[PDB]
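We've got the same protein chain twice here, in two forms, each standing alone as structure tokens: structure 1 and structure 2.
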Structure 1
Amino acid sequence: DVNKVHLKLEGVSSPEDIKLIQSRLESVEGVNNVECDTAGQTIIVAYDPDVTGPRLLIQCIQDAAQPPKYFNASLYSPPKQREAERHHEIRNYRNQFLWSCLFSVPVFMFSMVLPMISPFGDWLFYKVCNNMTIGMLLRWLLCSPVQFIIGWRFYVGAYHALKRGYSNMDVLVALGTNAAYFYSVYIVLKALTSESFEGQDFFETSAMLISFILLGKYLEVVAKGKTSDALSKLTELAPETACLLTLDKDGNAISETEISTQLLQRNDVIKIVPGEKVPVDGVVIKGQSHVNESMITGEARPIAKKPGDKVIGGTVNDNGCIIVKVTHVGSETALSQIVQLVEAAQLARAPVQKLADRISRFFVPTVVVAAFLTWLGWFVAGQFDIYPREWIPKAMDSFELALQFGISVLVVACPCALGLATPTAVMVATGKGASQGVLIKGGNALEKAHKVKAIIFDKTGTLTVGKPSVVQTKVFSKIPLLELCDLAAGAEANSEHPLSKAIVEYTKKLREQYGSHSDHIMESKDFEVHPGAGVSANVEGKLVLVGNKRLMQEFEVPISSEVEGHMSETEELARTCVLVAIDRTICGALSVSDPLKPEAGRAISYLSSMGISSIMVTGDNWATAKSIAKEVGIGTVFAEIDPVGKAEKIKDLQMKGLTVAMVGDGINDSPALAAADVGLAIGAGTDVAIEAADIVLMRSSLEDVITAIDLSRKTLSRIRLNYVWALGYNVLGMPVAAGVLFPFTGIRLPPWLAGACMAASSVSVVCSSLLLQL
């Protein structure tokens, strides 16, 4: 913005308006450079960042607004265009595969079914000049579009492997169509020239290979996962407008209008009405209010801000309008750092080299050498005349038979199920995971999650807490349990702290635990709110004392044994983990804190059983992090870690190998969630964490992590087996294609049971969805 702006005119289609805008901009001094892109109806304005402001430029643009349109100038790009791009890709691949089927299925049918079928089987035998048949010509004409027109991708892939020294899936593995087609053309031409030549064409294999490879590409695009990602959520987290605050106070006149935050500059002021999301980072001039800092800290404790403190863009205040002088804006904001980390992580994942490409790299030389060896062997055997002469078919020589047995190896040795292996395991894995409640967006997660050795958990909503709540209550004030809850609710009647509200819901839970919520309470008078001490309030004229020993002494309440037993670590000194909550008399207290685990302990134990270690990287107090690490069992723990520090930890672990996986809950985790090998998000968390991860967990459960890892392990199994079965019949029929059978048996090669092993291979590439991981 302040550095360079792409002012795209809206509703402008004539160069005269652009020229008027150019003249108006040149009439204003301060812009370093004006790039005049006449073609495109857009203009680039570059100038020194952190001076003046785009508001003057926008006003100058708006001064030229004339009918029939309104001349708006701001950077227009099509947002969430990757969804439409994914639809375009899906339509393109589906229609191309459908066209390949429309040309291949007739070839296969006319080749294999009609010859055996009832009277319409001699229609594709009616001879032409010499021994050219109607069937051969029709198969040629139908298959020719498939080999060439739809094969442009394959030929350009082969030409892209010109001298680079590699054999991808678009090399002879898929170009065996090129050999089969040319051999079939040779057969047809010779039948046109020869007089008996009882032979058959191989047009089936080319069309079938093209169809299966296009199906593999289509299914790969389908199983690639949900449409990339969406960094737009990070920007949506920032406010779109801000209240300009040149209002009354000394050198500030009246302003209250809402101006775009992107248009705000340094040395500006925003007040943020209570209950508003702060636009940009700043330093407060005056004002006391609590903010829900979660972009950096990640927790939900209301941080109190007094005059002279700072503020982080994205949070919401609740205790009044807090005027703030604007600090660093734009690319220097903390949210900007988070965003930049996100796209740096996104444009750093090199796509995994498909095992199909590796095989084809180490399979084409094998096939070519094998075919050449068969050709040489039969050529030698014919030139030295070992095998009987009558073995050769009519009108053929030894060299022709050698060529036949050589090209047979090339035709049979065609993967034709290699591209169908990974897609038709990833799809089934994703479906079964969605059934189990583990939605896995992207197959890349499927292949990279099996080798995960380290996992990194987060604390403020990932492993421990859904929302703060009370645990481990004991009788206090030497009063009945129901009337304990009576005191609790009576004290809560005037306090509205988030911990106090959690006490309200937990008291309601106790009430319904005693059969049902018994009636209601009396109002608490004298809501003094003693600083430091806590809530002191006359409940029906009786003073409840939710607060520490100072509040005990201000009402002259004694001290007892447990008073020094239940805080610090979590349950060591000050009688309640995060609060005090004694009420009027002393007999005990409660244990308001964050929840511990619904299952997390056994999940971590099972993860350690499989060898995957766990590391905790939180952004909370050291004491709580140590407490949780001791409780659940995580050894390594890091506290007060910003998202940048999380990314650095991921980078260090990755540099030590041991492909990592982060389980995230909120804004704090997103940089590491994108920077890890695979991202895990808790469904109960916020939208940005759901978006930034690769394996979102539908139901909030740590056991979903082990389900995902187990699913990835079982899909890395049943995929090497899929590759084995895809190599399978082809590599086992390579000897049959070569000819080692004709010396022993009488059959040379069944024309139908030569290409009709790819169907068996395709059926053998089938996966069952029975996980049962417990």
Structure 2
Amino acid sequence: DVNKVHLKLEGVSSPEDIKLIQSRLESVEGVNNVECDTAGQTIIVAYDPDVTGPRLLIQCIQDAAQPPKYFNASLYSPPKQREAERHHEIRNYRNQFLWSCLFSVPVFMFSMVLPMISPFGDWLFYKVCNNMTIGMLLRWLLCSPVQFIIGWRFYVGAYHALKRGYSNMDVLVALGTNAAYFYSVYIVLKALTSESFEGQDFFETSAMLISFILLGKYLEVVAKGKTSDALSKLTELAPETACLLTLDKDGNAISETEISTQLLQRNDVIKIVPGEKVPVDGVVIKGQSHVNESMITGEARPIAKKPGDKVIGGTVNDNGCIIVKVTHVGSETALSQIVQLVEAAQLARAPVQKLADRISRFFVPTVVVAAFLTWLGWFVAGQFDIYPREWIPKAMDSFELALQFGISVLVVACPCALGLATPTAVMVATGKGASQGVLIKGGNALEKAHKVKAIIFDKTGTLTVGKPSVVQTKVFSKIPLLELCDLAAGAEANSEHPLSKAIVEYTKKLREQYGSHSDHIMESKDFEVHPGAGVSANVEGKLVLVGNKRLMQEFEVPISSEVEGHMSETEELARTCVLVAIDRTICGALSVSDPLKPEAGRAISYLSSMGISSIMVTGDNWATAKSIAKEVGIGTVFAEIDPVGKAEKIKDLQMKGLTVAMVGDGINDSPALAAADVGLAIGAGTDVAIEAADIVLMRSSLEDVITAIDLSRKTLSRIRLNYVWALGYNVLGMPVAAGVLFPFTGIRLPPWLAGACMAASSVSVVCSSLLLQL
């Protein structure tokens, strides 16, 4: 923008408006260079970064606004060309497959079944000049558009494999189809020029092969995955617009405009309404407020902001107005950095080498060195006359018999349903797995998740629940435990703090313990709360003081061994988890803790059992991290980590060889979620976390990570199969094709009983869905 703002003109279709805009911009000095893209109805404005800005230039653009339209100008980007392109590619591959069918299914409805049945068999076998029957001409005409139009893909793929590669799937399809087709043409032309030469055409296999490979290509796209990721959600985290200030301070007087955030630049001033998305990162000038910063820490403690510190963009304040001088803009904001990190991570995810290419790398050489040896068989057996003369068919020479057997090897050896081995599972895991509670956003995720050997874990939200709860509780003030929490909640009426919610929830749990929620409370009379202190109120004529040492010594409540028994470890010091909660008098304490990890303990234990290690890269306090990791069983406890560092840890563990996996919930995890080989997002986390992962965990349960890994292992089993079941049918038809049986049984190649191995091959590729082991 500030370097090169792209101004795609809106409502402009005539070059005269573009020229007027160009003249107005040339009348303005400060622009380093204007790249005049007259063809395209856009103008490029190149100038120095970190100076002035769009505003005046955009106003100059607007000044030419005359009928019939208003002359807006801004870089336009494809809004949903991703989903449109996904749908169009799926539809295009489907259309190619169906078009291939609507000529191949003809060839196979013809000379596979209809010749067997009359009267159609009579018409097909009704002869034309010499022995060429009209069936052969019809099939030659019908299969030709397939092989020579629909199959340009295969020919160009083979020619691009050439020598730069060794042999891909395309060359294998090329050999199969072309050998069958040209041998069929040979057969037909010879039957035309001969008088007794019989022999069916192999036109069926050539056309029918194209259908299956296209089916594989179609299933490739469908099973590739949902429309990429949609980074955009990060950009939506920042507000699209804000309010300029220019108010009070000497010259700054009144100017409460509503300029969009993009046009806001360096050395600007903004207003920040109480409770709204902070436009960009900056340094506050005046005002006291707390900000729900979840872009670095990822935790929901309202952090203090006094005039002088730096506020991070894409954040939400609560306590009043905050007046900010604008720091780094554009590509230097925290959200910006997140965007580049996630884009780089996603754009560097190289696709896995399909084993079909690996198989075809060796298999294609094998077929050629097998057909040639088959030819180097029967042929040399003809020169020395080992095989009896009567074996040769009518009107054929020893060379032709060798060719019949040699070309037969090529046709049968083609594996047909090899493309339908990875995508033919349509990733059934994307399926049964969804029922289990795992939604795989692709197939690459499933492919890479089996080899996971290490897995990182966010604490807040992922390992721990995240919303504080009062769990490890005790007694205290000189009123009953039930009355303790009753008066506490009474004080918590006007209070709407996270710890207030936790106190209310613990109160509900004890009301369950103490029968039910008999009667109720009254409002926070004399809402006396002091800074830091806690929650104080005169509820029911009782001046309660739920809080810390300041509020205890406010009424002079002695500090004793329970302010030394309920934090630090988690329950070893000040009398709740890390904090307040003692009410009025002391006999014990509470524990406003993050509600542990219902099953994550056994989850981590099971993960360690299968050899997968475990890491905890959080962003919260070292002290909190210590206790949680100690209790669950995690090893290394790298904490106080920013999103960039979270990505760095993943990259480091990748460098040492292990294939790692990120499990996260927040926007913090996104750089690490994308960077990891297979990112797992908790379905109760931020929407952009769901966005950036490869696997999303709907049912919030860390045990679903175990389920995902198991479902990824059980789909590499049964993907090594369905390669075995794909190749094997052709491999154990190659000897039959070569004619090994022929000396010992006298049975030649059946045009049907060995050309329709793809029916056996494809149908043999079935995938089972019976999983989950907790």
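For clarity, a rigid core is taken as the largest C-alpha set superposing within 1.5 Å between two forms. Residue 1 is the first residue of structure 1, and the numbers go on in sequence order from there.
Superposed on the rigid core, the two forms differ between the two structures by 2 Å or more at the C-alpha of one listed residue only; from 388, 275, 635, 558 that residue is 558.
When two forms of a protein are overlaid on their rigid core, residues whose CA moves 2 Å or more are considered shifted, and residue 572 is not one of them between the two structures. The Cα position of residue 215 differs by less than 2 Å between the two structures after fitting on the rigid core. With the core superposed, residue 365 shows a C-alpha displacement below 2 Å between the two structures. Core-aligned Cα shift between the two structures at residue 413: this is 0.5 Å.
Once the rigid core is matched between the two structures, the CA atom of residue 502 is found 2.1 Å away. After superposing on the rigid core, the C-alpha of residue 587 is displaced by 1.7 Å between the two structures.
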